[PDB]
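Worksheet for the structure shown next.
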Amino acid sequence: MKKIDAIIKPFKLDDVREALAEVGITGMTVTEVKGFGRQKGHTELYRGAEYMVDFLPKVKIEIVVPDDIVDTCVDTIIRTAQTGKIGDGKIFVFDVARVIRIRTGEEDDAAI
Amino acid sequence: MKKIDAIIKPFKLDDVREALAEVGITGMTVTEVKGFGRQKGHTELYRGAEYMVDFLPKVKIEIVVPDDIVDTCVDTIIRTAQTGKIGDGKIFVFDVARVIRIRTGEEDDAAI
Amino acid sequence: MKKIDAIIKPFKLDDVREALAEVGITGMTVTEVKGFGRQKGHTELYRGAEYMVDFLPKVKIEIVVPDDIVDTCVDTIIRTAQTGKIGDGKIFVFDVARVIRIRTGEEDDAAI
């Protein structure tokens, strides 16, 4: 099993969510975060202006899925989140050591 | 050492926090997130209604602990967070490569 | 490549950001979180008072960088975030399995 983190433009959240539901994902956690970096019209992190602000609101999606559906998840996220413009974001994949269901105390095989 | 992420129902935060303090945990970071998925009365992610909203507020707890107390932490989280109902959440465990104390620049043995 | 998570005192965010820009970091995601734990004037998590609150606002920074610049990033974070007082926070480093650019569908070598 793997944890997939995706930092996307907020307006694409519903499309990504709909598409991920189609592939069979049953749970997703979403965090609102501030992104600093790649932005149209700018060339730098830290402009350090007095009244201007350098951040852009972003949405971080986290799903934990079986190894075999990782590529299907990655492919569907890119397809539904990509605009071809600056700031589309990135997908990071991480190995998970254990996955425990709180309701029953039962573990999922973290190697699937 | 391992990083433990737990996504729990918000009302259980104080109980989980109290119980974790008893076992000796001295620090915890908490993020408010939106959960999509398993919910009483529903059968799907993405209902895509115009006025209804599909998310439920959740609380994500992150602690970084020694390998030997991971099971004690997992067991105490389940005990204090479990309701036996839909949406209790999950616990994910991740390996940590390095842990650095900012105040002193000193590292903890990430293998403990 | 590695993922660096740093939990810092909010007022140090701009300094850390400026310094990280100097070393060449081009993107950073920031989450506002609540920290429980090490605090001046206190000796415990969970005081469970009726009107008092036990949390302190914190800022979590997440950057994903090449293995060779991890120490440079860690060193610059400590330098710019350290106050020498209680509550300076910690830096955790995690291995990343894959890094995918959403705009182009192109992967970065996660082993660099």
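The set of residues in segment C:8-51 being more than 14 Å from C:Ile86 (Cβ to Cβ), in contact (Cβ under 8 Å) with a residue 60 or more places away in the chain, hydrophobic (A, V, I, L, M, F, W, C) and within 12 Å of chain B (Cβ to nearest Cβ) consists of C:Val16 alone.
Restricting attention to segment A:55-69, which residues are within 8 Å of chain C (Cβ to nearest Cβ) and either farther than 21 Å from C:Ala110 by Cα or touching a residue at least 60 places away in the same chain (Cβ under 8 Å) (or both)? Walk me through it before giving the result.
Just the residues of segment A:55-69 that are within 8 Å of chain C (Cβ to nearest Cβ), to begin with: A:55, A:58, A:60.
Answer for segment A:55-69, where residues must be within 8 Å of chain C (Cβ to nearest Cβ) and either farther than 21 Å from C:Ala110 by Cα or touching a residue at least 60 places away in the same chain (Cβ under 8 Å) (or both): A:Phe55, A:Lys58.
Here A:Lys85 does not fit the description of being away from chain B (no Cβ under 12 Å), over 21 Å from C:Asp95 (Cα atoms) and in contact with a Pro (Cβ under 8 Å, 6 or more places away or on another chain). Taking segment A:1-17 as the range and being more than 19 Å from B:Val53 (Cα to Cα) and β-branched (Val, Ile, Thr) as the test, the residues that pass are A:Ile4, A:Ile7, A:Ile8. If I filter segment A:38-78 down to residues being over 30 Å from A:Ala97 (Cβ atoms) and touching a strand residue (DSSP E or B) at 6+ places or on another chain (Cβ under 8 Å), which single residue comes out as surrounded by the most Cβ atoms within 10 Å (Cβ to Cβ)? The extreme case among them is A:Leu45.
I need a count of the residues in segment C:70-106 that are within 30 Å of B:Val16 (Cβ to Cβ), touching a residue at least 40 places away in the same chain (Cβ under 8 Å) and of a type outside the set (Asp, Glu). Full working, then the answer.
Our first condition is that a residue be within 30 Å of B:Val16 (Cβ to Cβ); within segment C:70-106, this holds for C:77, C:81, C:83, C:85-97.
Keeping just the survivors that are touching a residue at least 40 places away in the same chain (Cβ under 8 Å) gives C:77, C:81, C:83, C:85-96.
Subsequent filtering for residues that are of a type outside the set (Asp, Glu) retains C:77, C:81, C:83, C:85-87, C:89-94, C:96.
Result for segment C:70-106: 13.
Taking segment A:72-87 as the range and being touching a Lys or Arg at 6+ places or on another chain (Cβ under 7 Å) and farther than 28 Å from A:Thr43 by Cβ as the test, only A:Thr80 passes. Within segment A:13-55, track down each residue that is aliphatic (A, V, I, L, M) and under 21 Å from A:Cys73 (Cα atoms). Answer for segment A:13-55, where residues must be aliphatic (A, V, I, L, M) and under 21 Å from A:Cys73 (Cα atoms): A:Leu13, A:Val16, A:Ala19, A:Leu20, A:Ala21, A:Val23, A:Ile25, A:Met28, A:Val30.
All Cβ positions, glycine included, derive from the backbone under ideal geometry; neighbour counts span all protein chains shown. The numbers here are math on the coordinates, done by the rules we state, and not lab data.
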